[PDB]
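Here the structure comes first, spelled out in structure tokens, and everything after it is commentary.
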Amino acid sequence: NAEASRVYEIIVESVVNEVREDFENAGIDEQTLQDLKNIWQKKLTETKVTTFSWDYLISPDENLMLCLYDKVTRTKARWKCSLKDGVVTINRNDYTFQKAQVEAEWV
Amino acid sequence: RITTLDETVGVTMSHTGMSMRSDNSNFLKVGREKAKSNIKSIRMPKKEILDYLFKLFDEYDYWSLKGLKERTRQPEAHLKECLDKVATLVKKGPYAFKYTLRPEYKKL
Amino acid sequence: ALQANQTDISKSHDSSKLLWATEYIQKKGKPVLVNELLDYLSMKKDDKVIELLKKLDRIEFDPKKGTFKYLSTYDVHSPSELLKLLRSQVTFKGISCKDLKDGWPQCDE
Amino acid sequence: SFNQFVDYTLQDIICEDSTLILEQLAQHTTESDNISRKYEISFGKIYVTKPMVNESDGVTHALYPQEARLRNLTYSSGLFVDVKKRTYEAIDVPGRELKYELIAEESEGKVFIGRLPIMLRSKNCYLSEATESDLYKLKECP
Amino acid sequence: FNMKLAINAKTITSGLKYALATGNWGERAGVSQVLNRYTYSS
Amino acid sequence: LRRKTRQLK
Amino acid sequence: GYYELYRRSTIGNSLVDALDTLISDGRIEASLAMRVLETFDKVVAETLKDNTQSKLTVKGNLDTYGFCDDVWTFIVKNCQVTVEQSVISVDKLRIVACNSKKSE
Amino acid sequence: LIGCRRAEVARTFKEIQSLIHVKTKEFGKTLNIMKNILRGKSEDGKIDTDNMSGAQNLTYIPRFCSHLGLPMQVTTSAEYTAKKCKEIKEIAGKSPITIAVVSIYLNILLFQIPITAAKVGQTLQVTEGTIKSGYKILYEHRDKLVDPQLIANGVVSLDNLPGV
Amino acid sequence: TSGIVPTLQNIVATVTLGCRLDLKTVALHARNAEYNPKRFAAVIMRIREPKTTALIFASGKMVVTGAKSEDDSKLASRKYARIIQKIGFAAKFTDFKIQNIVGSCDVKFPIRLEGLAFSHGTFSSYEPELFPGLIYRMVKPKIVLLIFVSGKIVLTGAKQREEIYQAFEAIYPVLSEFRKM
């Protein structure tokens with residue numbers, strides 16, 4: 001997904017530029033910033049997420065999505081969830097979204 | 001000259017009296033505004049609140065009830081128990097109706 | 001989870017620690033040595049609060065065993081003591097039963 | 001005399017104390033509540049209807065002098081006044097005059113203010129425009 | 001705020017009717033009298 | 001404090 | 001305050017490995033690694049809130065739900081996920097969401 | 001509300017709520033409690049007649065027509081339509097307000113008064129969809145919902161009623 | 001007489017455990033739990049094979065609802081306690097009492113609600129402009145009956161299966177007498 005890569009490129013750009021101020025506070029050399037970007041970028045491509053420029057009780061390879069929920073409701077068997085500003089990982093592939101309507105029938 | 005309505009009298013009076021129309025005016029709806037802003041916390045157990053008051057007291061030695069409920073966001077009921085256990089109120093003094101930390105803990 | 005519920009004694013302000021100590025001391029039938037206190041609050045060394053407790057007036061020190069006791073406003077534990085205390089009053093200001101109950105198991109009986 | 005009062009005097013009277021303003025001051029208790037609200041209600045033009053009567057069930061119909069006399073009804077018409085409801089709010093800074101500003105709440109309607117008895121054979125009475133034949137139809141003596 | 005209750009139409013209606021039904025003018029006497037209909041000249 | 005409600009002519 | 005949930009994502013998970021790997025090298029202080037991590041939540045929250053326009057919808061069957069500390073947890077089995085176009089079949093999809101109203 | 005019903009001038013819940021600010025929960029519960037008190041004291045120490053029945057939709061029609069400004073002939077026809085409107089089970093369970101208003105709307109088009117369904121709903125605060133939805137069912141029983149003298153005289157013809 | 005037995009639609013039963021619970025731990029350690037202290041002070045857990053909902057509080061008091069049979073509620077309540085037992089909390093089965101049984105049935109003919117509202121004044125309460133169903137508060141037994149134009153009768157308030165059946169038999173004669181047309 002081109003959009004997913006574009007957001008990921010934005011994530012690295014912001015943190016590396018934003019973290020520079022605190023590094024000078026701790027007195028760490030500038031070369032560490034490039035190494036942090038070097039190791040991190042190689043990790044993203046190593047995981048191969050997307051094309052880059054560079055029981056009754058509670059009990060990568062498993063899909064997971066992180067987001068925020070706006071409003072959740074149900075009707076006696078049918079949950080209806082409103083999601084916002086999340087990143088999803090499906091079948092070793094990642095996407096991003098501003099909203100997502102998740103509704104399923106509770107058997 | 002005054003303008004006399006030429007419409008049917010029944011139609012003109014439809015807006016007067018016990019009419020079924022629901023008023024759409026929002027002017028001076030004081031009651032409606034207060035209703036929307038409502039929230040209540042739940043009991044925020046003791047071992048944490050008793051610690052927070054002393055920090056709040058340290059900031060300023062004469063602390064009001066209305067402000068304390070605003071800052072702590074507790075029920076007045078449970079809040080009174082801890083507040084009385086730690087602080088006392090001087091009603092007859094110049095700083096009337098103001099909770100202040102007890103001398104035993106303030107004189108430290 | 002209950003063990004983790006009791007947070008560290010490094011509280012924001014030292015007054016709270018004394019408040020807990022005063023509450024704990026009053027609920028003991030007999031005076032409790034400093035060792036009992038140290039088991040309650042994780043301050044083995046000579047913490048300020050321990051000294052701050054002594055400076056108060058509602059706490060009595062026992063140099064024989066090095067113990068702090070919950071001193072009460074009126075030291076009465078028998079009808080004879082109460083009767084003489086009322087007689088000794090120079091004015092007709094009654095003694096509060098709320099304070100009389102504290103430090104004495106039964107007062108109503 | 002009655003024609004002058006209905007046409008002109010009624011408007012003049014309402015245009016004297018038409019404005020009622022209530023001021024809610026800052027009530028300084030916290031910095032989050034430092035706004036001063038001003039509520040304004042104003043009266044504009046007044047309208048007078050033809051004589052009418054409202055029954056118990058709420059049905060309103062035109063009333064004539066002949067019917068009023070028999071039914072013990074008052075020969076009167078309703079008065080409606082346009083009401084302009086405005087509210088102004090301003091930020092109250094201590095030790096300074098306020099600058100009230102319109103808060104985008106200016107309601108634009110007719111309000112019933114009572115019934116005015118109508119003198120017969122007046123400009124507001126049904127018989128002013130009735131000819132001799134019309135008066136006979138309405139059971140009124142020419 | 002209910003404008004239907006802020007303005008009561010009975011104040012104008014009741015006051016005018018009372019002042020005209022009876023002679024009392026206010027809230028002078030004999031200002032209003034029952035029109036004589038015994039004869040046209042009257 | 002004031003009366004929190006007053007009439008201005 | 002910003003939630004730390006994003007750390008569990010692919011981008012967040014790899015950041016810990018990248019930072020921890022250099023921590024073992026001894027070129028970064030442990031506290032210095034925590035401060036940068038806190039800033040990571042801020043940047044991720046802002047970029048996701050303003051620099052995307054895609055739409056997603058998930059239709060399936062919920063096998064498990066849970067709510068604790070304003071963190072909803074859902075598990076959907078045998079669901080179809082469509083992007084904006086192409087549907088994707090899934091076997092087990094766990095959903096973690098926090099309250100929309102940020103807790104100050 | 002009780003006083004209005006006793007005096008044959010019964011009003012509606014919405015009409016009274018326009019003046020007194022009270023929600024449906026407390027008002028309905030209070031009225032049911034109040035009715036029981038009167039009934040208990042009545043026989044012990046009348047109170048109600050056929051007027052006390054909740055529906056009583058015949059009484060509302062004259063006032064609703066007055067608001068619309070329709071002639072008394074239309075109002076009389078609406079009363080007849082509403083009276084026979086209770087024989088249809090599909091609409092017998094509907095609220096009295098809807099039964100009366102829909103009957104008024106049906107006669108408005110029957111007599112061809114230039115008043116649209118939007119005006120009828122707006123003035124009486126009845127949703128437009130309800131008016132059209134109710135009209136559809138009443139459209140299947142025009143024969144039993146029209147006065148026989150009026151149709152026989154020829155003032156109103158069933159062909160003038162729009163059909164869907 | 002009627003020949004149709006009303007089918008019970010819901011049974012509400014309350015159980016007591018006599019022990020204090022930590023709601024937060026249960027919510028974090030329950031397959032299907034919903035504990036939101038902001039709205040309500042309880043954790044709600046649902047179990048599939050009975051299709052029933054439970055109300056577990058911090059005082060050890062429990063309420064079970066949704067069961068379609070008296071025995072079914074017992075099975076649901078017992079399994080809920082077993083789930084609590086498996087967590088680690090001290091929970092034991094105790095007094096099980098049914099506080100409400102709901103039944104639904106139809107008489108397959110229209111009923112003139114107007115006649116009932118007048119024929120039976122005290123019991124009847126007809127306000128069609130709020131709720132389209134007539135409310136009948138029968139005295140003996142004390143059961144509230146919701147009568148509708150479509151001929152559907154809802155029975156609620158009975159504490160025993162025998163009690164609810166008696167109500168329909170007693171009210172059947174007074175409903176057939178007002179059969180519309």
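Residues in the structure tokens are named by chain (A, B, ... in the order shown) and by number from 1 within that chain; ligands are numbered from 1 in the order shown.
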Test item: chain I residues at most 10 Å from chain G, counting only C-alpha atoms, as a CSV table (one decimal) with C-alpha atoms, in the first residue's frame:
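Done, and the output landed in selection-v4.csv:
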chain,number,residue,atom,x,y,z
I,24,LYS,CA,-11.4,-5.3,37.9
I,25,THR,CA,-9.7,-8.7,38.1
I,27,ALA,CA,-13.2,-8.1,33.9
I,28,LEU,CA,-9.5,-8.7,32.9
I,29,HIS,CA,-10.0,-12.4,33.5
I,30,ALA,CA,-13.3,-13.1,31.8
I,31,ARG,CA,-14.0,-14.2,28.2
I,32,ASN,CA,-17.1,-12.0,27.8
I,33,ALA,CA,-17.2,-9.2,30.4
I,34,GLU,CA,-18.4,-5.6,30.3
I,35,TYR,CA,-17.4,-3.6,33.4
I,36,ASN,CA,-17.8,0.2,33.0
I,37,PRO,CA,-17.9,1.8,36.5
I,43,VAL,CA,-19.5,-6.4,35.5
I,45,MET,CA,-20.9,-11.5,31.7
Contact check, chain D to chain F, at most 7 Å, counting only C-alpha atoms, closest pairs as JSON lines:
{"residue": "D:21", "atom": "CA", "partner": "F:7", "partner_atom": "CA", "distance": 6.0}
{"residue": "D:22", "atom": "CA", "partner": "F:7", "partner_atom": "CA", "distance": 5.1}
{"residue": "D:23", "atom": "CA", "partner": "F:6", "partner_atom": "CA", "distance": 5.8}
{"residue": "D:24", "atom": "CA", "partner": "F:5", "partner_atom": "CA", "distance": 5.4}
{"residue": "D:25", "atom": "CA", "partner": "F:4", "partner_atom": "CA", "distance": 5.9}
{"residue": "D:27", "atom": "CA", "partner": "F:4", "partner_atom": "CA", "distance": 7.0}
Give me the residues within 9 Å of region 82-85 of chain H as a PyMOL selection string, counting only C-alpha atoms and dropping any in the same chain fewer than 4 places off.
chain H and resi 57-58+61+77-78+91-92+99-100+102-104+138+144-146
Picked from chain B by DSSP as alpha helix (DSSP H), as a ChimeraX atom specification:
/B:9-12,30-36,46-59,65-72,76-86,103-106
Residues of the last selection are to be written out with N, CA and C atoms, as a CSV table (one decimal), in the first residue's frame.
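And here is the file that came out, part-v7.csv:
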chain,number,residue,atom,x,y,z
B,9,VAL,N,-58.9,34.2,11.3
B,9,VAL,CA,-58.6,34.4,12.8
B,9,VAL,C,-58.1,33.1,13.4
B,10,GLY,N,-58.7,31.9,12.9
B,10,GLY,CA,-58.3,30.7,13.5
B,10,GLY,C,-56.8,30.4,13.2
B,11,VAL,N,-56.4,30.7,12.0
B,11,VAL,CA,-55.0,30.4,11.6
B,11,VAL,C,-54.1,31.3,12.4
B,12,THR,N,-54.5,32.6,12.6
B,12,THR,CA,-53.6,33.5,13.3
B,12,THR,C,-53.4,33.1,14.7
B,30,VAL,N,-31.2,28.8,29.8
B,30,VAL,CA,-30.2,28.6,30.9
B,30,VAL,C,-30.2,27.1,31.3
B,31,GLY,N,-31.4,26.5,31.5
B,31,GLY,CA,-31.5,25.2,32.0
B,31,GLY,C,-30.9,24.2,31.0
B,32,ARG,N,-31.1,24.4,29.7
B,32,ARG,CA,-30.6,23.4,28.7
B,32,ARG,C,-29.1,23.4,28.7
B,33,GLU,N,-28.4,24.6,28.9
B,33,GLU,CA,-27.0,24.6,28.8
B,33,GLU,C,-26.3,23.8,29.9
B,34,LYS,N,-26.9,23.9,31.1
B,34,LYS,CA,-26.3,23.2,32.3
B,34,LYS,C,-26.4,21.7,32.2
B,35,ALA,N,-27.5,21.3,31.6
B,35,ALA,CA,-27.8,19.8,31.5
B,35,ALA,C,-26.7,19.1,30.7
B,36,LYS,N,-26.3,19.7,29.6
B,36,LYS,CA,-25.4,19.0,28.7
B,36,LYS,C,-24.0,18.7,29.4
B,46,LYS,N,-9.4,5.2,48.3
B,46,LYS,CA,-8.8,6.0,49.4
B,46,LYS,C,-7.3,6.1,49.3
B,47,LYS,N,-6.6,5.0,49.1
B,47,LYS,CA,-5.1,5.0,49.3
B,47,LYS,C,-4.5,6.0,48.4
B,48,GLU,N,-5.2,6.5,47.3
B,48,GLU,CA,-4.6,7.5,46.4
B,48,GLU,C,-5.1,8.9,46.7
B,49,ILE,N,-6.4,9.1,47.1
B,49,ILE,CA,-6.9,10.4,47.3
B,49,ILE,C,-6.2,11.0,48.5
B,50,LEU,N,-6.1,10.2,49.6
B,50,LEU,CA,-5.5,10.8,50.8
B,50,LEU,C,-4.1,11.3,50.6
B,51,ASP,N,-3.4,10.7,49.6
B,51,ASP,CA,-2.1,11.3,49.3
B,51,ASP,C,-2.2,12.6,48.5
B,52,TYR,N,-3.2,12.7,47.6
B,52,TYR,CA,-3.3,13.8,46.7
B,52,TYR,C,-3.7,15.1,47.5
B,53,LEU,N,-4.5,15.0,48.5
B,53,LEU,CA,-4.9,16.2,49.2
B,53,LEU,C,-3.7,17.0,49.8
B,54,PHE,N,-2.8,16.3,50.4
B,54,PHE,CA,-1.7,16.9,51.1
B,54,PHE,C,-0.8,17.7,50.0
B,55,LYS,N,-0.6,17.2,48.8
B,55,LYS,CA,0.0,18.0,47.8
B,55,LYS,C,-0.8,19.2,47.4
B,56,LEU,N,-2.2,19.0,47.3
B,56,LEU,CA,-3.0,20.1,47.0
B,56,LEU,C,-3.0,21.1,48.2
B,57,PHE,N,-3.0,20.7,49.4
B,57,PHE,CA,-2.9,21.6,50.6
B,57,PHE,C,-1.6,22.3,50.6
B,58,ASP,N,-0.5,21.6,50.2
B,58,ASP,CA,0.9,22.3,50.2
B,58,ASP,C,0.9,23.4,49.3
B,59,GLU,N,0.2,23.4,48.1
B,59,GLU,CA,0.2,24.5,47.2
B,59,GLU,C,-0.4,25.7,47.8
B,65,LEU,N,-14.1,24.6,49.4
B,65,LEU,CA,-14.8,23.3,49.1
B,65,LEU,C,-15.2,23.2,47.6
B,66,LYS,N,-15.7,24.3,47.1
B,66,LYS,CA,-16.1,24.2,45.6
B,66,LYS,C,-14.9,24.0,44.8
B,67,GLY,N,-13.7,24.6,45.0
B,67,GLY,CA,-12.5,24.4,44.3
B,67,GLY,C,-12.0,23.0,44.5
B,68,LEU,N,-12.1,22.5,45.7
B,68,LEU,CA,-11.6,21.1,46.0
B,68,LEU,C,-12.4,20.1,45.2
B,69,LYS,N,-13.7,20.2,45.2
B,69,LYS,CA,-14.5,19.3,44.4
B,69,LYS,C,-14.2,19.4,42.9
B,70,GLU,N,-13.9,20.6,42.4
B,70,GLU,CA,-13.5,20.8,41.0
B,70,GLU,C,-12.2,20.1,40.8
B,71,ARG,N,-11.2,20.3,41.6
B,71,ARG,CA,-9.9,19.7,41.4
B,71,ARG,C,-9.9,18.2,41.6
B,72,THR,N,-10.5,17.7,42.7
B,72,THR,CA,-10.5,16.3,43.0
B,72,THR,C,-11.5,15.5,42.2
B,76,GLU,N,-19.1,14.7,46.9
B,76,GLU,CA,-19.0,15.4,48.1
B,76,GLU,C,-19.1,14.5,49.3
B,77,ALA,N,-19.9,13.4,49.2
B,77,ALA,CA,-20.1,12.5,50.3
B,77,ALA,C,-18.8,11.9,50.8
B,78,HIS,N,-18.2,11.1,49.9
B,78,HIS,CA,-16.9,10.4,50.3
B,78,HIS,C,-15.8,11.4,50.5
B,79,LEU,N,-15.8,12.5,49.7
B,79,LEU,CA,-14.8,13.5,49.8
B,79,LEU,C,-14.8,14.2,51.2
B,80,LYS,N,-16.0,14.3,51.8
B,80,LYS,CA,-16.0,14.9,53.1
B,80,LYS,C,-15.3,14.1,54.2
B,81,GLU,N,-15.4,12.8,54.1
B,81,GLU,CA,-14.8,11.9,55.1
B,81,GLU,C,-13.3,12.1,55.2
B,82,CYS,N,-12.7,12.0,54.0
B,82,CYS,CA,-11.2,12.2,54.0
B,82,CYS,C,-10.8,13.6,54.3
B,83,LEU,N,-11.6,14.6,53.8
B,83,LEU,CA,-11.2,16.0,54.0
B,83,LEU,C,-11.3,16.4,55.5
B,84,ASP,N,-12.4,15.9,56.2
B,84,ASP,CA,-12.5,16.2,57.6
B,84,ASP,C,-11.4,15.4,58.4
B,85,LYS,N,-11.0,14.2,58.0
B,85,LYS,CA,-10.0,13.5,58.7
B,85,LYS,C,-8.6,14.2,58.6
B,86,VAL,N,-8.4,14.9,57.6
B,86,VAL,CA,-7.1,15.6,57.3
B,86,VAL,C,-7.1,17.1,57.6
B,103,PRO,N,-3.4,21.8,62.4
B,103,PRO,CA,-2.1,22.3,62.8
B,103,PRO,C,-1.1,21.3,63.0
B,104,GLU,N,-1.5,20.0,63.4
B,104,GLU,CA,-0.6,19.0,63.6
B,104,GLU,C,0.3,18.7,62.4
B,105,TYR,N,-0.4,18.7,61.2
B,105,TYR,CA,0.3,18.3,60.0
B,105,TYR,C,0.8,19.6,59.3
B,106,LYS,N,0.2,20.8,59.5
B,106,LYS,CA,0.8,22.0,58.9
B,106,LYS,C,2.0,22.4,59.6
Calculate how many Å separate CA of residue 42 (chain B) from CA of residue 41 (chain I), rounding to one decimal.
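CA of residue 42 (chain B) sits 8.5 Å away from CA of residue 41 (chain I).
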Can you tell me, as a ChimeraX atom specification, what residues are no more than 12 Å from residue 6 (chain D) when counting only C-alpha atoms, ignoring any on the same chain fewer than 3 positions away?
/B:1-4 /D:1-3,9-13,46-49,77-79,116-119,122-125
Would you save the residues of that selection, restricted to C-alpha atoms, as a short mmCIF file (atom, residue, chain, number, x, y, z; two decimals), in the first residue's frame?
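Here's the written file result20.cif:
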data_model
loop_
_atom_site.label_atom_id
_atom_site.label_comp_id
_atom_site.auth_asym_id
_atom_site.auth_seq_id
_atom_site.Cartn_x
_atom_site.Cartn_y
_atom_site.Cartn_z
CA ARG B 1 -51.45 53.42 10.64
CA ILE B 2 -51.59 50.05 12.37
CA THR B 3 -51.77 47.08 10.00
CA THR B 4 -54.79 44.80 10.40
CA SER D 1 -61.29 59.31 19.28
CA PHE D 2 -61.28 55.51 19.19
CA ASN D 3 -59.92 55.39 15.64
CA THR D 9 -51.69 55.61 20.18
CA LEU D 10 -51.29 51.84 20.55
CA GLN D 11 -48.00 51.86 18.64
CA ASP D 12 -46.75 54.94 20.49
CA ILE D 13 -47.36 53.42 23.93
CA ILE D 46 -48.18 45.86 16.76
CA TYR D 47 -50.94 44.17 14.78
CA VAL D 48 -54.67 44.20 15.55
CA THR D 49 -56.98 41.52 14.17
CA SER D 77 -60.06 41.66 18.84
CA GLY D 78 -56.59 40.31 19.53
CA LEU D 79 -53.35 42.30 19.63
CA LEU D 116 -58.79 44.95 22.88
CA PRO D 117 -62.54 45.68 22.99
CA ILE D 118 -63.66 47.24 19.70
CA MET D 119 -66.12 50.12 19.60
CA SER D 122 -65.24 51.90 13.97
CA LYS D 123 -62.46 51.27 11.47
CA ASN D 124 -61.74 47.93 13.18
CA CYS D 125 -65.42 46.88 13.35
#
Using only C-alpha atoms, determine which residues lie at most 10 Å from region 39-52 of chain H, disregarding the query and same-chain residues fewer than 2 positions distant; provide the list as an NGL selection string.
(:H and (2 or 4-10 or 34-37 or 54-56 or 59)) or (:I and (114-115 or 117-118 or 121-122 or 126-127))
Env of residue 13 (chain G): 12 Å cut, atoms = only C-alpha atoms, seq-sep filter 2 positions within chain, self excluded. Answer as a ChimeraX atom specification.
/A:40,43-44,47,60 /G:4-11,15-20,37,40
Once you count only C-alpha atoms, which residues of chain C turn out to be within 9 Å of chain B? Could you give them as an MDAnalysis selection string?
chainID C and resid 5:7 11:19 49 52:53 55:57
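Minimum atom-to-atom distances from B:27, B:5, B:13, B:19 to residue 1 (chain E) were compared using only C-alpha atoms, and the lowest value belongs to B:27.
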Please identify every residue of chain I that has at least one atom no farther than 12 Å from an atom of chain H, counting only C-alpha atoms, and for each give the shortest atom pair and the distance in Å to one decimal, arranged by chain then increasing number, as JSON lines.
{"residue": "I:109", "atom": "CA", "partner": "H:89", "partner_atom": "CA", "distance": 10.5}
{"residue": "I:110", "atom": "CA", "partner": "H:89", "partner_atom": "CA", "distance": 7.6}
{"residue": "I:111", "atom": "CA", "partner": "H:89", "partner_atom": "CA", "distance": 9.7}
{"residue": "I:112", "atom": "CA", "partner": "H:92", "partner_atom": "CA", "distance": 9.4}
{"residue": "I:113", "atom": "CA", "partner": "H:93", "partner_atom": "CA", "distance": 9.0}
{"residue": "I:114", "atom": "CA", "partner": "H:53", "partner_atom": "CA", "distance": 7.1}
{"residue": "I:115", "atom": "CA", "partner": "H:53", "partner_atom": "CA", "distance": 9.5}
{"residue": "I:116", "atom": "CA", "partner": "H:53", "partner_atom": "CA", "distance": 10.2}
{"residue": "I:117", "atom": "CA", "partner": "H:53", "partner_atom": "CA", "distance": 6.9}
{"residue": "I:118", "atom": "CA", "partner": "H:50", "partner_atom": "CA", "distance": 7.1}
{"residue": "I:119", "atom": "CA", "partner": "H:50", "partner_atom": "CA", "distance": 10.4}
{"residue": "I:120", "atom": "CA", "partner": "H:53", "partner_atom": "CA", "distance": 11.9}
{"residue": "I:121", "atom": "CA", "partner": "H:39", "partner_atom": "CA", "distance": 8.6}
{"residue": "I:122", "atom": "CA", "partner": "H:39", "partner_atom": "CA", "distance": 7.3}
{"residue": "I:123", "atom": "CA", "partner": "H:36", "partner_atom": "CA", "distance": 9.8}
{"residue": "I:124", "atom": "CA", "partner": "H:53", "partner_atom": "CA", "distance": 10.4}
{"residue": "I:125", "atom": "CA", "partner": "H:32", "partner_atom": "CA", "distance": 7.8}
{"residue": "I:126", "atom": "CA", "partner": "H:54", "partner_atom": "CA", "distance": 5.9}
{"residue": "I:127", "atom": "CA", "partner": "H:54", "partner_atom": "CA", "distance": 4.7}
{"residue": "I:128", "atom": "CA", "partner": "H:95", "partner_atom": "CA", "distance": 5.4}
{"residue": "I:129", "atom": "CA", "partner": "H:95", "partner_atom": "CA", "distance": 4.7}
{"residue": "I:130", "atom": "CA", "partner": "H:95", "partner_atom": "CA", "distance": 7.6}
{"residue": "I:131", "atom": "CA", "partner": "H:95", "partner_atom": "CA", "distance": 8.3}
{"residue": "I:132", "atom": "CA", "partner": "H:93", "partner_atom": "CA", "distance": 6.0}
{"residue": "I:133", "atom": "CA", "partner": "H:93", "partner_atom": "CA", "distance": 8.1}
{"residue": "I:134", "atom": "CA", "partner": "H:93", "partner_atom": "CA", "distance": 10.3}
{"residue": "I:135", "atom": "CA", "partner": "H:32", "partner_atom": "CA", "distance": 10.7}
{"residue": "I:137", "atom": "CA", "partner": "H:36", "partner_atom": "CA", "distance": 11.7}
{"residue": "I:147", "atom": "CA", "partner": "H:93", "partner_atom": "CA", "distance": 11.1}
{"residue": "I:148", "atom": "CA", "partner": "H:93", "partner_atom": "CA", "distance": 7.8}
{"residue": "I:149", "atom": "CA", "partner": "H:93", "partner_atom": "CA", "distance": 5.8}
{"residue": "I:150", "atom": "CA", "partner": "H:89", "partner_atom": "CA", "distance": 7.8}
{"residue": "I:151", "atom": "CA", "partner": "H:89", "partner_atom": "CA", "distance": 10.6}
{"residue": "I:180", "atom": "CA", "partner": "H:87", "partner_atom": "CA", "distance": 9.0}
{"residue": "I:181", "atom": "CA", "partner": "H:87", "partner_atom": "CA", "distance": 9.0}
Considering only C-alpha atoms, return as a list in words whatever protein or nucleic-acid residues lie within 12 Å of residue 43 (chain C), sequence-local ones (same chain, fewer than 2 positions apart) excluded.
residues 8, 9, 10, 11, 14, 17, 18, 21, 34, 35, 36, 37, 38, 39, 40, 41, 45, 46, 47, 48, 49 and 50 of chain C
Where in chain I does DSSP assign strand (DSSP E or B), given as a compact mmCIF listing (two decimals) with C-alpha atoms, in the first residue's frame?
# COMPACT_ATOMS: atom_id res chain seq x y z
CA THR I 7 -44.86 -19.53 26.35
CA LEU I 8 -42.56 -17.96 28.93
CA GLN I 9 -40.10 -15.57 27.29
CA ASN I 10 -37.82 -14.53 30.17
CA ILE I 11 -37.04 -15.55 33.76
CA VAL I 12 -35.17 -13.22 36.12
CA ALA I 13 -33.45 -14.91 39.07
CA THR I 14 -31.13 -13.53 41.75
CA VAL I 15 -28.42 -15.46 43.59
CA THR I 16 -26.13 -14.60 46.50
CA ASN I 32 -17.10 -11.98 27.80
CA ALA I 33 -17.20 -9.18 30.38
CA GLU I 34 -18.38 -5.55 30.31
CA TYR I 35 -17.42 -3.60 33.45
CA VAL I 43 -19.51 -6.44 35.54
CA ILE I 44 -21.88 -8.04 33.03
CA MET I 45 -20.91 -11.45 31.65
CA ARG I 46 -22.71 -13.51 29.01
CA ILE I 47 -22.50 -17.25 28.34
CA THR I 52 -28.28 -15.55 29.35
CA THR I 53 -26.83 -12.41 30.94
CA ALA I 54 -25.47 -12.14 34.48
CA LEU I 55 -25.05 -9.16 36.81
CA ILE I 56 -22.09 -9.81 39.14
CA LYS I 61 -24.95 -10.50 44.82
CA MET I 62 -25.87 -11.89 41.41
CA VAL I 63 -28.83 -11.53 39.05
CA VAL I 64 -29.49 -13.84 36.08
CA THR I 65 -31.87 -13.09 33.21
CA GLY I 66 -32.67 -14.30 29.71
CA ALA I 67 -33.44 -17.95 30.51
CA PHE I 96 -31.77 -19.41 44.01
CA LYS I 97 -35.06 -17.50 43.72
CA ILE I 98 -36.97 -16.41 40.61
CA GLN I 99 -38.15 -12.81 40.91
CA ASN I 100 -39.89 -12.38 37.53
CA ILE I 101 -41.35 -14.56 34.77
CA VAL I 102 -42.46 -13.05 31.45
CA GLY I 103 -44.90 -14.75 29.10
CA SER I 104 -46.23 -13.94 25.65
CA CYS I 105 -49.28 -15.28 23.82
CA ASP I 106 -51.96 -14.29 21.31
CA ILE I 111 -60.03 -6.79 21.01
CA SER I 124 -57.83 -0.94 32.85
CA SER I 125 -55.60 1.99 31.93
CA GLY I 133 -51.28 -1.24 24.41
CA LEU I 134 -53.85 -1.37 27.18
CA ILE I 135 -52.49 -1.88 30.71
CA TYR I 136 -54.46 -4.30 32.90
CA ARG I 137 -53.46 -4.59 36.57
CA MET I 138 -55.27 -7.72 37.71
CA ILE I 143 -50.08 -9.76 37.40
CA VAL I 144 -49.81 -6.90 34.89
CA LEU I 145 -51.18 -7.72 31.44
CA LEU I 146 -50.47 -5.73 28.27
CA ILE I 147 -53.40 -6.03 25.85
CA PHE I 148 -52.94 -4.91 22.24
CA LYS I 152 -51.36 -10.17 21.65
CA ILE I 153 -51.19 -10.57 25.43
CA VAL I 154 -48.00 -10.16 27.48
CA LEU I 155 -47.84 -11.63 30.99
CA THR I 156 -45.35 -10.23 33.50
CA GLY I 157 -44.96 -10.22 37.28
CA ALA I 158 -45.66 -13.89 38.00
CA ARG I 179 -64.02 -9.52 20.39
The residue from D:115, D:37, D:45, D:69 with the smallest atom-to-atom distance to chain E, counting only C-alpha atoms, is D:115
Within 6 Å of chain I: residues of chain A, using only C-alpha atoms, as JSON, numbers by chain:
{"A": [56, 57, 58]}
